[PDB]
Participant: 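Structure incoming, see below.
We name chains A, B, ... by the order of the sequence lines, and we start the count at 1 in each one.
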Amino acid sequence: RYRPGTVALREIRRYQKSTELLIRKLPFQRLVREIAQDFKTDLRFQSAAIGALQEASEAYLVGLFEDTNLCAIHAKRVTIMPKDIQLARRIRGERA
Amino acid sequence: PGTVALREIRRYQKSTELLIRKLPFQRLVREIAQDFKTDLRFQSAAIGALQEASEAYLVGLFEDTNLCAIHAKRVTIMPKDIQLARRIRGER
Amino acid sequence: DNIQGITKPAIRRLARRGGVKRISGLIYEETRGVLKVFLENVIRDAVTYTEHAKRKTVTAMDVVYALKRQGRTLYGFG
Amino acid sequence: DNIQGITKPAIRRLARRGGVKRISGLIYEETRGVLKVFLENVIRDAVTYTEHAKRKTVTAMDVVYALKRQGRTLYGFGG
Amino acid sequence: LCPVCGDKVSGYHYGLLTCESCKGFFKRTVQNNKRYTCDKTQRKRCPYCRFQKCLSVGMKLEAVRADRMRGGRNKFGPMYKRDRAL
Amino acid sequence: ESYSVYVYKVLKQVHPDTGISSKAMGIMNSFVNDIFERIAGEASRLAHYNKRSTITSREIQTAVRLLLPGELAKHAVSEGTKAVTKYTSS
Amino acid sequence: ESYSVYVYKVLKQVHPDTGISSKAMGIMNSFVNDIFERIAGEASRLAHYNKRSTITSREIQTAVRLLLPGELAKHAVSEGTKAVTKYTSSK
Amino acid sequence: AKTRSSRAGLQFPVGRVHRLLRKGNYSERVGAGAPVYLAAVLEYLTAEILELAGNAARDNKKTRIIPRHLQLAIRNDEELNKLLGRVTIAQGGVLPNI
Amino acid sequence: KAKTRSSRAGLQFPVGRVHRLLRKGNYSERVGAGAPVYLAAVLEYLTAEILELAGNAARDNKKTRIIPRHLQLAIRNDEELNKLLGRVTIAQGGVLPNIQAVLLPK
DNA sequence: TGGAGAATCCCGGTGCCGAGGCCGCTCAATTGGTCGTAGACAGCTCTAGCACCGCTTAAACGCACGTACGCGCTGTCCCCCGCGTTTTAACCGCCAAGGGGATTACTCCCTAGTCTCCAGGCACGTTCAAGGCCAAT
DNA sequence: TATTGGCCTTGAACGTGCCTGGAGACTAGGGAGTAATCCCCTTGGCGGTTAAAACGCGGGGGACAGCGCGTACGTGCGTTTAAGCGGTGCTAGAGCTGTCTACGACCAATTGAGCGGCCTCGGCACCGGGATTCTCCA
Ligand SMILES: [Zn+2]
């Protein structure tokens with residue numbers, strides 16, 4: 001058995017060496033279509049549009065997680081909590 | 001040791017006037033500008049605008065620093081809070 | 001609904017790429033909310049761009065222009 | 001050495017306007033450095049604008065354009 | 001003459017013709033929010049009589065500025081000018 | 001060339017018994033110029049995207065929808081449409 | 001229209017034995033278009049500020065100085081001035 | 001009605017906006033309805049900001065709008081705060097919070 | 001007899017194409033004879049620098065073709081290029097390997 | 001420090017799909033002459049930026065002091081991590097039917113361009129009522 | 001003596017002159033608006049793996065609270081320091097006008113550089129496979 005935290009570091013090293021998308025494609029397409037439903041009914045999407053949206057979303061989430069990690073480390077912790085996300089989004093200027 | 005600080009905060013948040021002496025700021029502005037070009041000349045309005053922009057920027061930075069300090073279970077701001085605020089802000 | 005398609009392991013992977021070591025139990029709902037807000041904004045701009053052009057199909061150019069409008073310029077899709 | 005003209009009471013006033021209750025003793029040097037970095041980046045673009053049009057006097061609109069270039073739009077100084 | 005006391009008027013002060021004395025008295029009273037306890041010769045006898053007569057003749061209170069902004073003209077400017085046309 | 005006359009008329013329409021200072025007037029002028037520049041640039045980009053050589057009311061409406069937030073965008077679109085309809089009626 | 005031919009020529013100039021992929025060319029085309037738009041917009045703004053109806057090498061030089069970092073701006077200004085002088089020398 | 005603003009029922013100059021659109025290098029041609037729409041939008045935004053500033057100045061017993069009132073009006077409104085979030089106002093101060 | 005403007009200027013990027021883009025882009029009423037030369041030279045210089053850094057990054061990983069990850073590595077490892085391309089995301093680029101020191105085992 | 005034992009790297013084989021090198025033609029880059037004005041250049045008027053100087057007084061600086069706050073330590077209990085079974089729906093391949101994007105003749109209304117008339121908008125100089133300051137009281 | 005008065009400073013509202021830019025009218029040419037056609041291209045089914053999501057559950061390390069202690073930061077007062085407000089003197093350089101030429105727009109032939117389509121073969125990804133090195137504990 002590996003002590004808690006070794007597999008986390010292994011995953012961190014592994015997922016920072018790759019460039020593939022980390023979200024399953026079909027649920028993301030369904031979510032995108034459901035969100036777009038409220039703007040105009042019976043919309044069609046090119047595959048490139050959904051791919052670009054997915055790429056942008058993953059990049060944004062990775063950056064937000066980096067900021068959240070910095071905020072959590074500031075408060076003498078190792079575990080990220082929602083309050084760190086709120087602080088990062090507040091300082092960034094996203095949340096009012 | 002908390003009453004005078006609160007009174008100062010109230011008065012300076014209601015105050016809306018400038019908070020830096022003008023002659024030292026003018027001297028600093030001219031000293032910085034002398035590096036890029038020689039025998040430069042300035043208008044009064046340019047120096048006023050520079051001062052006001054600097055003051056607004058510093059006030060905003062201090063607000064963010066206070067937020068970062070409060071996040072860490074403290075009431076005293078430290079250089080680490082300023083550095084974290086500028087890092088997340090994206091300034092380099 | 002479809003938001004549950006963004007599962008716990010997916011958010012875990014996204015956090016792992018971000019360097020996060022330990023994750024709490026209430027992180028995933030916050031991540032879902034912020035992702036919904038971001039997608040809503042981008043899709044709104046893209047749909048407006050599509051509507052102005054007298055079209056019923058969303059192209060990659062609309063997404064790229066919408067991302068550029070938010071200061072999130074994206075390369076590789078035209 | 002004119003940076004010391006930004007005295008400690010002035011920095012304290014600026015912090016009080018920001019809602020700060022307690023201030024450490026190492027804040028002042030950091031604030032001075034930050035102010036110098038900001039002013040350098042504004043003044044460089046202001047002088048660059050001034051060199052265009054063959055002028056020897058820096059105008060307010062030069063600093064206004066320099067600020068607007070950095071996403072720090074300022075109202076009340078023309079333009 | 002100034003209707004509040006009976007001296008020579010100096011001009012348009014908080015509604016109509018008054019003198020410098022009554023203008024000053026009104027501005028001090030309004031700015032200081034002064035409260036006391038109760039003819040030109042008797043104009044200094046009691047603040048109450050002069051004050052109540054000033055409010056009675058119709059000269060107005062809101063003409064005084066709470067923030068004491070300087071210069072310009074107040075809302076009664078068009079009215080003052082129309083009355084001054086005569 | 002400034003917007004002082006028009007801003008003053010708007011203020012007289014809104015608050016008939018409230019004045020304005022010189023510095024506030026300068027701030028209002030800067031605000032109007034900034035908003036004009038933003039909307040015009042967005043309209044120009046929209047016209048360039050669709051390979052069009054003209055800027056019409058459609059591009060202005062789309063730019064207003066893209067820039068202003070929800071209720072502001074709704075009311076601005078309503079006011080602009082009313083103005084264009086009245087002008088076209090003549 | 002694209003910049004693939006010119007990008008490939010520049011790549012062969014700097015790295016003789018080195019290829020590229022299609023996605024990398026797409027990214028480079030986006031990069032070139034972005035930089036072109038930035039410089040052109042800055043030059044147009046500079047021309048409009050000074051009340052002039054022409055964009056010359058001077059506006060390009062000032063825009064490059066405004067938009068690029070120090071060493072990059074210096075080298076770009078040197079290269080552009082050299083190119084303009086070489087172009088003017090011939091006729 | 002001779003002025004285009006009279007036809008459009010506006011208090012902003014349609015002709016000046018048209019001239020600025022033409023001599024600004026936005027497009028080769030400008031439609032006849034674009035200046036009207038733009039002037040109406042600008043007038044509405046100015047009226048909104050002025051109304052909020054006047055209300056802020058009338059809360060306190062004041063009778064003249066200074067930049068502090070404009071800053072208070074913009075900061076306390078959710079829509080205008082988002083619209084003008086990256087704008088510095090001369091002699092506006094900060095919101096009396098914290 | 002006809003000579004290309006790029007050959008006169010000694011460039012690889014096109015001068016006529018840049019001139020046409022400047023004319024059609026609604027930037028100025030007139031365009032000077034030397035502006036496209038300067039713009040093309042600057043663009044060529046920037047492209048050459050990025051290509052050099054990306055090629056070195058690709059050679060580091062024992063590859064002979066440049067892929068988006070090499071471009072991202074070259075851009076993010078250079079301070080001036082990173083400052084220039086600060087708000088730009090590269091498709092299929094990834095992130096730089098970076099772990100905070102505290103998170104490491106004691 | 002030594003021992004299992006998972007995670008990881010250094011090695012060929014292989015074959016497949018995309019990078020990269022031709023052809024033909026069309027369409028955009030080049031040449032050359034003519035012409036109208038944008039901008040270089042020189043000269044003159046007058047704002048305004050920069051120097052000193054004296055006096056008054058509010059900010060800046062120094063110093064003694066004591067209490068509130070930061071930071072280290074200890075204990076305990078919640079709750080996330082690592083791993084081994086079940087359950088599920090994401091991928092992949094194929095296919096077929098429209099739906100909508102892209103291209104092309106074509107025609108007609110919309111907007112640029114020029115010339116003339118004259119009032120809206122900017123620059124001033126001048127109120128002028130209201131807040132401010134002073135001595136005699 | 002803390003209250004009367006008299007003179008002085010003040011910042012948006014008003015008049016006046018004049019000029020440059022908006023309004024009206026007319027015409028020519030091209031940009032935008034509709035149809036008709038073509039064919040990619042997007043949506044929708046069906047069935048067989050099988051990798052990924054879901055689930056159970058024991059425990060170990062980390063979040064969190066309590067307490068003690070030392071010094072750094074706040075507060076007050078006497079004493080320097082120099083910022084702030086005038087007045088005066090003296091140009092450097094901004095700001096506008098005039099002349100006239102050098103440069104860039106525009107048009108018509110003319111030619112060659114650069115997109116599209118089509119083989120093809122070499123870099124790169126995938127599998128064993130033993131070799132070697134990270135973890136963990138006892
Ligand atoms: Zn009287």
Participant: Where do N or O atoms of nucleotides 109-111 of chain J meet protein N or O atoms at under 3.5 Å, pair by pair?
Facilitator:
| residue | atom | partner | partner atom | Å |
| --- | --- | --- | --- | --- |
| J/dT111 | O4' | H/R29 | NH2 | 3.2 |

Participant: Would you classify B/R27 as touching base, sugar-phosphate or nothing, given that sugar-phosphate means primed atoms plus P, OP1 and OP2, and contacts are heavy atoms under 4.0 Å?
Facilitator: sugar-phosphate

Participant: Is any side-chain heavy atom of A/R14 less than 4.5 Å from a side-chain heavy atom of A/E11?
Facilitator: yes

Participant: Which way does the sugar of K/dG15 pucker, north or south, judged by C1'-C2'-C3'-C4'?
Facilitator: north

Participant: Is there a side-chain contact between E/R28 and the phosphate of K/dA2, meaning an N or O under 4.0 Å from OP1 or OP2?
Facilitator: no

Participant: For B/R21, what residues pass the side-chain contact (heavy atoms from CB on, under 4.5 Å) criterion, not counting sequence neighbours?
Facilitator: B/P24, D/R13

Participant: OP1, OP2 of J/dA130 versus side-chain N and O of E/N74: anything below 4.0 Å?
Facilitator: yes

Participant: Are there over 12 heavy-atom neighbours, none belonging to B/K22, within less than 6.0 Å of that residue's NZ?
Facilitator: no

Participant: Please tell me if the side chains of A/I73 and I/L103 come closer than 4.5 Å, counting only heavy atoms from C-beta onward.
Facilitator: yes

Participant: Quick one: the side chain of D/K54 and the base of K/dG93, do they pair up donor-acceptor inside 3.5 Å?
Facilitator: no

Participant: Going by an N to O cut-off under 4.0 Å, is there a salt bridge joining I/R20 and G/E1?
Facilitator: yes

Participant: Starting from the 5' end of DNA chain J, give me the residue, G/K12 or A/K25, whose nearest nucleotide shows up first.
Facilitator: G/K12

Participant: Is J/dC11 on the north side or the south side, where north means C1'-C2'-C3'-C4' is positive?
Facilitator: north

Participant: Considering only the P atoms, how many Å lie between J/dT104 and J/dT26, rounded to the nearest integer?
Facilitator: 14 Å

Participant: Is it true that atom NZ of B/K73 has more than 12 heavy atoms of other residues, nucleotides or ligands lying nearer than 6.0 Å?
Facilitator: no

Participant: List the residues meeting ring pair (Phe, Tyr, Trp, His ring centres under 6.0 Å) with E/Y14, not counting sequence neighbours, and say none if there are none.
Facilitator: E/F26

Participant: Check salt bridge (charged side-chain N to carboxylate O under 4.0 Å, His left out) between G/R52 and all other residues, then give those that pass, not counting sequence neighbours.
Facilitator: G/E59

Participant: Report each atom pair, protein N/O against N/O of nucleotides 134-138 of chain K, whose distance is under 3.5 angstrom.
Facilitator:
| residue | atom | partner | partner atom | Å |
| --- | --- | --- | --- | --- |
| K/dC136 | OP1 | A/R3 | N | 3.0 |
| K/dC136 | OP1 | A/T6 | OG1 | 2.8 |

Participant: Could you tell me whether the phosphate oxygens of K/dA12, OP1 or OP2, come under 4.0 Å of any side-chain nitrogen or oxygen in F/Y8?
Facilitator: no

Participant: Checking all strands, does B/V4 fall into the base, sugar-phosphate, or nothing category for heavy-atom contacts under 4.0 angstrom?
Facilitator: sugar-phosphate

Participant: Report yes if at least one side-chain N or O of H/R16 is closer than 4.0 Å to OP1 or OP2 of K/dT20; otherwise report no.
Facilitator: no

Participant: Would you say G/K51 places a side-chain N or O within less than 4.0 Å of OP1 or OP2 belonging to J/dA38?
Facilitator: no

Participant: Ignoring hydrogens and geometry beyond distance, is a side-chain donor-acceptor pair present between G/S4 and G/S2 at under 3.5 Å?
Facilitator: yes

Participant: Can you sort out the partners of B/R74 under side chain to side chain donor-acceptor pair (under 3.5 Å), two or more places apart, ordered by chain and number?
Facilitator: B/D81

Participant: Given that D/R55 and B/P1 both sit by DNA chain K, which one's nearest nucleotide is further toward the 5' end?
Facilitator: B/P1

Participant: When the P atoms of J/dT103 and K/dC119 are considered, how many whole Å apart are they?
Facilitator: 26 Å

Participant: For DNA chain K, whose closest nucleotide is more 5', that of F/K23 or that of D/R16?
Facilitator: F/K23

Participant: What pucker does J/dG120 have, north or south, from the sign of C1'-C2'-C3'-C4'?
Facilitator: south

Participant: Please determine whether the number of non-hydrogen atoms from other residues, nucleotides or ligands lying under 6.0 Å from atom CG of D/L26 exceeds 12.
Facilitator: no

Participant: Using the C1'-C2'-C3'-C4' torsion, classify the pucker of K/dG21 as north or south, with positive meaning north.
Facilitator: south

Participant: In dot-bracket form, 5' to 3', how is DNA chain K paired? Count Watson-Crick and G-U wobble pairs only if both distances fall under 3.5 Å, and write | where the partner sits on another strand.
Facilitator: ...||||..|...||||....||||||||||..||||..|||.||||..|...||..|||...||||.|||.|.||||..||..||||..||.|||||..||||||||...||..||..||||.|||||||...||||

Participant: Ignoring backbone atoms, test whether H/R19 places a side-chain nitrogen or oxygen under 4.0 Å from the OP1 or OP2 oxygen of K/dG21.
Facilitator: no

Participant: On the nucleotide K/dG62, are OP1 or OP2 found under 4.0 Å from the side-chain N or O atoms that A/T79 carries?
Facilitator: no

Participant: What is the nucleic acid contact for G/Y6, judged by heavy atoms within less than 4.0 Å: base, sugar-phosphate only, or nothing?
Facilitator: sugar-phosphate

Participant: Are there any protein N/O atoms within less than 3.5 Å of an N/O atom in nucleotides 56-66 of chain J, and if so, which ones and at what distance?
Facilitator:
| residue | atom | partner | partner atom | Å |
| --- | --- | --- | --- | --- |
| J/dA60 | OP1 | D/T7 | OG1 | 3.2 |
| J/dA60 | OP1 | D/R13 | NH2 | 3.3 |
| J/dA60 | OP2 | D/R13 | NH1 | 3.3 |

Participant: Anything under 3.5 Å between a protein N or O and an N or O of nucleotides 64-72 of chain K, put it in a table, one pair a line.
Facilitator:
none

Participant: With a 3.5 Å cut-off and heavy atoms only, can you find an N or O donor on one side and an acceptor on the other between the side chain of G/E1 and the base of K/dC115?
Facilitator: no

Participant: Residues two or more places apart in sequence or in another chain: which of them pass side-chain contact (heavy atoms from CB on, under 4.5 Å) with D/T7?
Facilitator: D/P9, D/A10

Participant: Side chains of B/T76 and D/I23: does their closest heavy-atom pair fall under 4.5 Å?
Facilitator: no

Participant: Between E/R70 and K/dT9, is there a side-chain N or O to OP1/OP2 distance below 4.0 Å?
Facilitator: no

Participant: Can you check the distance between J/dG84 and K/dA131, where both ends of the measurement are the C1' atom (answer in whole Å)?
Facilitator: 30 Å

Participant: Listing time: all N or O pairs from protein to nucleotides 46-49 of chain J that are below 3.5 Å?
Facilitator:
| residue | atom | partner | partner atom | Å |
| --- | --- | --- | --- | --- |
| J/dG49 | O5' | B/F42 | O | 3.3 |

Participant: Do the side chain of E/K27 and the base of J/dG132 come within less than 3.5 angstrom through a donor-acceptor pair of N or O atoms?
Facilitator: yes

Participant: Is the phosphate of J/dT127, meaning OP1 or OP2, less than 4.0 Å from a side-chain N or O of E/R73?
Facilitator: no

Participant: Would A/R10 and A/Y2 count as a cation-pi pair here, with the cationic atom under 6.0 angstrom from the ring centre and within 45° of the axis?
Facilitator: yes

Participant: Output a table of nitrogen or oxygen pairs between the protein and nucleotides 121-128 of chain K separated by less than 3.5 Å.
Facilitator:
| residue | atom | partner | partner atom | Å |
| --- | --- | --- | --- | --- |
| K/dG123 | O4' | I/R65 | NH2 | 2.9 |
| K/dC124 | OP1 | I/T64 | N | 3.3 |
| K/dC124 | OP1 | I/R65 | N | 3.2 |

